[PDB]
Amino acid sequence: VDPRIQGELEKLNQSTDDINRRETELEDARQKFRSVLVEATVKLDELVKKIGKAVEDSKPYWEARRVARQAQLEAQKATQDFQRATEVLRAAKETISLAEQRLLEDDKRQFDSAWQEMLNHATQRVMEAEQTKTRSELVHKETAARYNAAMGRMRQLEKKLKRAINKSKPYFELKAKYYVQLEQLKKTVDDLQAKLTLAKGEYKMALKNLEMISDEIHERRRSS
């Protein structure tokens, strides 16, 4: 008679409607993205026309502010890494032998690697924890210096371009807003695209197991 045909058929003509629905939603999302981008460009352009040339030559300042924020974030991450490195160090020192502790701390003049053969073997993990800690402190101070450089730079550029920056604030503020909205709508478009592709995948799969049923009937009829 017939086995599993009806269920996969129903799944197929359901995945049709699912595909059409997801596609319509995706196209509406694309349209909203387009109209928002157009509106953004024309509004920003007219704001440039009514604000003047301050926006253009005040552009290096806002760039210096961007690199300053990045140097800040990178500095924070490096400070975190330093902290966790330090806790690893002290937790390693919890292997006590307090005499050996200040043997490492008091002077690394001539550690003489042959002493490790004579004392606790758990000094190696302590010592390499000290190494990773000292390097993490290096990157910590380095990124701190980068942050201070970017900060002072953006401030002297600020005092060089004070009038232009204050006159150009609304353009860059509105442009920021439009950019946020654009990335949100683009996220929506991408997610709807993924839903659509998944629906088409379900369709293709139901079709594939349907012709799988047909092929299983092929060899069954081939037995003769």
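The numbering used is simple: start at 1 and walk along the sequence shown.
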Report the stretch with the higher mean CA temperature factor, choosing between 18 to 26 and 210 to 218 on the basis of the entry. 210 to 218
May I ask you to compare 175 to 183 and 60 to 68 by their mean CA B factor in the entry and name the higher one? 60 to 68
Most elevated Cα B-factor in the entry, residues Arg84, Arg90, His121, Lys77: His121
Kindly indicate the residue among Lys32, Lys169, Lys159, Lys195 with the greatest C-alpha B-factor in the PDB record. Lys159
Considering every modelled residue of the chain and its Cα B-factor in the PDB entry, is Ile96 in the lowest, middle or highest third? highest
B-factor third for the C-alpha atom of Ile51 within its chain: highest
